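Step one of this worksheet: look at the structure below.
Protein chains in written order, with the entry's author numbering: chain D, 519 to 647; chain H, 1 to 135; chain G, 16 to 598, 739 to 968.
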């Protein structure tokens, strides 16, 4: 059961990307809820059109807004969920600063403090691990 | 006591009617009410304003201030709630606030004050409850 | 009867009259005069007589009212007994079928901590043991607790009477309505019972259970009371880097600044903090959490930066919110402050792009050029951005608009040596339409330093040199400037050498060159031509000439410490500068004594006379800001009495209507014309009345400006520094030596003190004590100090002026 409520949602693979009533775009992996991104306003998932390389959102308007799904983050975290911590580390060169620390914290929550230590950019997170 | 006094003020520069639950604030009551409620309790149109190290909670009605004062506090909701219940009880006695009519019903208001807040602890009152007493 | 202290004779009459209304009104009038604090015992027998047994609630309620605010004091109609006229027939009142009279009686009776009513209040719990209302049961737990408080901490108050004696507190927990007067010192079993009650709550009652016993294992269980405790409990379980995202704190918090812009400004601050925790350099201060709203994905839709743009402000919302917002742009994003300040400055500073950011008032324009430019001086990357934007500033092409632009950029070149070669050609352009000083000054400096780069210069300079506008300060700036950089690298009909010729003529010489200069006579008296005239050893060439000076920057120039800088964005700074950050014969003999830190005025009162002075009373008076902490109290001053009587003294009070002199001391005795005499004990001054307060350099400076302090005296025995005599004496005329206004060196080094006080005289008091202690071969007057003084109409200025000399008193009786 997932913490952030699903106002609307979409399945990208077996991973569920949904909007939340917090305006949070989160994805469900593992039975764990991660925030892929923050929505600034209330948005609904029209669908994911591979052509545009985008997820198409709409406001109150019958027009288009687009969010590309942050696949590198999602794949890091998904791999972590599966208990493929090394695999998620291959993703890490393309996870930036603070995101490596976060993804590391994901890795850690699932378990393996050390692999999380190598990816975490932040020294403090390394130091605690 | 947590609640020093429960006081109805005129910003004429005096406490029009007021209640001292146990003998402490006699003359003290008038000076506090007279200075601070004149400045809107020194407020800015905020229900809580604290001055000279005494918490003043208030509501303006005309040239008059209905005032609750504390210098200690147990909870946020509570201080407002006794003031609020007081504000249901006060127009039954005096038809809004106004110094002459407040003055005439010193007994009414004062009795409500004892009943509402007893030994500084905020009891509850209601206009029907008030009736049994002044009957 | 609002407050009328003499009316007690009429009240007695009104109190019994055979008309119930009149009696009620009378008793009511007594209540209102006591509450204010006025006369009441005369009445007592009358008051007490009608009301006593009756179940008729209103008079009874009125009498019940008067017994909690003065019962002890009034004694005509009551006297002292165990079953007083407060409670004797109020046992009937307690035992009436109507709940109101019983309830009321119980409530006042138990409320008193009176020992002459201790027994009657104890079985007074009977009146409310039966609970006809929520009010009756609450009235009971509070009354048992009040009985417990009143000398019954043992077995007189603890068990049950028939249902409560300290057990309503237990009962309340399981009953339909709760209220626990059990906060301290009461039954353990009830405390335990309240815990059970957290679940089976009554909400008012829950606030009473909760003040006693807090912290839950749950989320909640319901109701505002539990909810209010809960945010406290949450802050515990995550203290770490503020709350960050405010919990249930948010609801009260808005009202905390209802006046009205300040809430948004505050809210904006929290929202900025929350975004991210950055590097936290100089004005990069965002705390809270590192990731919780990120910053800056390239796939995030419609992005974080949209909210960040609000914070970049010209005033885009209102001024209070503006000042907060500019700091807040700087705080989330920059390098320090420099990066986001350049962007922000680019928007604010004057252009040809938008005319909603340009203005024809010269100082503001200039300041805005300096703010943009200070970013370069701070950080390199900004130099490259600044120079092209500066040229856009110029493109406005008003005399003045060019002018301001030229003035900063020229400073930038002093910092930024042969890096801004490119700008020179742009800078010349608007130099020809001219009505001001500033344009000439600045242009002549760019065109002058930059000469190697260009070759135009006779042509550009010459239209201006024969044009008019305002030219004082033009002279100074052109004087050091015109030749510079490379000896022969220009030519239009005047090479660099013609320029040196020109440069010299403009400074103070004479020469046909650029169709003569506009003026020659220099700016402010000290500057003159001569230094530069001597100079240009090697004709306008980088060596040890004007060029050197021009392509170098005076002292250290780095940061935003205000060394070729101006410290952020010019509009935000005005607000920061504003912020001061202020923090019958009678004989007396007397001395002041202190034992065990008790300060007392010793007085001895002497009757050297054989005559009678009986009727002798001694008083110390409250004059104004002087006060008695206890007058001398002996009834002494009798035939040939010597006595020592101690009058305790205070220095701090509030003004009384009687005289304001030294110390008044009053002895009374026999005589009927001068029953009271005023006679003196030793000196206390007018100066006491002043109240000490302090200033910082900003408050001092503001007040200096605010009102004049020209007035000076020189005070002897200011030979010494600030710390010694001068501080101690200044203290006694309630002053204090704070911050400096000095400028010390090997030739300078008068000690300077900035003084402040806020006198209870309708004035402040300020002064500067300058101590002329020789740090030169020719001192003012040697050791001594001149105190420059003021007060707000300089009526206390004078007090400062003489109370920094000397001051001492002693006696040895």
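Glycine included, each C-beta is placed from N, C-alpha and C at the ideal position.
Extent of the continuous alpha helix (DSSP H) to which residue i belongs
| i | result |
| --- | --- |
| residue 7 of chain H | Per DSSP, residue 7 of chain H belongs to no alpha helix (DSSP H); it is in the beta strand (DSSP E), 5-10. |
| residue 115 of chain H | 106-116 |
| residue 162 of chain G | 149-164 |
| residue 591 of chain D | 589-600 |
| residue 907 of chain G | Element bounds for residue 907 of chain G: not the alpha helix (DSSP H) but the beta strand (DSSP E), 906-912. |
| residue 456 of chain G | 452-464 |
| residue 759 of chain G | Counting along the chain, residue 759 of chain G falls outside any alpha helix (DSSP H), though it belongs to the beta strand (DSSP E) covering 753-761. |
| residue 379 of chain G | 377-393 |
| residue 208 of chain G | 203-212 |
| residue 47 of chain G | 35-51 |
| residue 407 of chain G | 396-409 |
| residue 637 of chain D | 631-637 |
Residue span of the beta strand (DSSP E) that contains residue i, given as start and end
| i | result |
| --- | --- |
| residue 61 of chain H | 54-61 |
| residue 859 of chain G | Careful: residue 859 of chain G lies outside any beta strand (DSSP E), inside the alpha helix (DSSP H) at 852-861. |
| residue 442 of chain G | Run containing residue 442 of chain G: none in the beta strand (DSSP E); it sits in the alpha helix (DSSP H), 439-443. |
| residue 521 of chain G | Counting along the chain, residue 521 of chain G falls outside any beta strand (DSSP E), though it belongs to the alpha helix (DSSP H) covering 511-522. |
| residue 533 of chain D | 533-537 |
| residue 576 of chain D | 572-576 |
| residue 945 of chain G | 940-946 |
| residue 867 of chain G | 867-870 |
| residue 805 of chain G | 797-805 |
| residue 846 of chain G | No beta strand (DSSP E) contains residue 846 of chain G, which DSSP labels as neither H nor E. |
Contact under 8 Å by Cβ, residue i with residue j
| i | j | result |
| --- | --- | --- |
| residue 599 of chain D | residue 550 of chain D | yes |
| residue 196 of chain G | residue 121 of chain H | yes |
| residue 637 of chain D | residue 602 of chain D | no |
| residue 279 of chain G | residue 336 of chain G | yes |
| residue 350 of chain G | residue 302 of chain G | no |
| residue 579 of chain G | residue 380 of chain G | no |
| residue 190 of chain G | residue 141 of chain G | no |
| residue 137 of chain G | residue 162 of chain G | yes |
| residue 454 of chain G | residue 417 of chain G | yes |
| residue 515 of chain G | residue 468 of chain G | no |
| residue 914 of chain G | residue 845 of chain G | yes |
| residue 800 of chain G | residue 761 of chain G | no |
| residue 758 of chain G | residue 781 of chain G | no |
| residue 520 of chain D | residue 539 of chain D | no |
| residue 123 of chain G | residue 94 of chain G | no |
| residue 341 of chain G | residue 328 of chain G | yes |
| residue 767 of chain G | residue 825 of chain G | yes |
| residue 783 of chain G | residue 770 of chain G | no |
Residue i classed as buried or exposed, judged by whether at least 16 other C-beta atoms fall within 10 angstroms
| i | result |
| --- | --- |
| residue 593 of chain G | exposed |
| residue 72 of chain G | buried |
| residue 950 of chain G | exposed |
| residue 449 of chain G | buried |
| residue 338 of chain G | buried |
| residue 45 of chain H | exposed |
- Taking contact to mean at least 3 C-beta pairs separated by less than 8 Å, is the segment 934-944 of chain G in contact with the segment 859-879 of chain G? yes
- Does the segment 548-560 of chain G come close enough to the segment 498-505 of chain G to have 3 or more Cβ pairs within less than 8 Å? yes
- Query: Any residues in the segment 303-316 of chain G with a beta carbon nearer than 8 Å to a beta carbon of chain A? Which ones, in chain order?
  - Reply: Among the chains of the structure shown, chain A does not appear; the protein chains present are D, H and G.
- Message: Counting beta carbon pairs with one atom in the segment 815-822 of chain G and one in the segment 763-778 of chain G, are three or more of them shorter than 8 Å?
- Response: yes
- Task: Can you check the segment 466-514 of chain G for any alpha helix (DSSP H) of at least 4 residues that lies completely inside it and give the ranges in chain order?
- Result: 472-480, 489-496
- Query: Does the segment 539-558 of chain D come within contact of the segment 577-591 of chain D, defined as at least 3 CB pairs closer than 8 Å?
  - Reply: yes
- Pick out the complete alpha helix (DSSP H) segments inside the segment 26-91 of chain H, 4 residues or longer, and give them in chain order. 27-35
- Any chance the segment 130-148 of chain G sits against the segment 105-120 of chain G, with 3 or more Cβ pairs inside 8 Å? yes
- Query: Does the segment 25-43 of chain G come close enough to the segment 73-88 of chain G that 3 or more CB-CB pairs lie under 8 Å?
  - Reply: yes
- Segment contact, 8 Å Cβ cut-off, at least three pairs: the segment 528-543 of chain D with the segment 562-575 of chain D: yes
- Runs of alpha helix (DSSP H) wholly within the segment 875-932 of chain G (minimum 4 residues, chain order): 882-887
- Continuous alpha helix (DSSP H) assignments of at least 4 residues falling wholly in the segment 86-142 of chain G: 106-109, 114-126, 133-136
- Query: Do the segment 32-40 of chain H and the segment 9-24 of chain H meet, that is, are 3 or more Cβ pairs less than 8 Å apart?
  - Reply: yes
- Count the C-beta pairs between the segment 164-179 of chain G and the segment 215-235 of chain G that are closer than 8 Å, then say yes if the count reaches three, no if not. no
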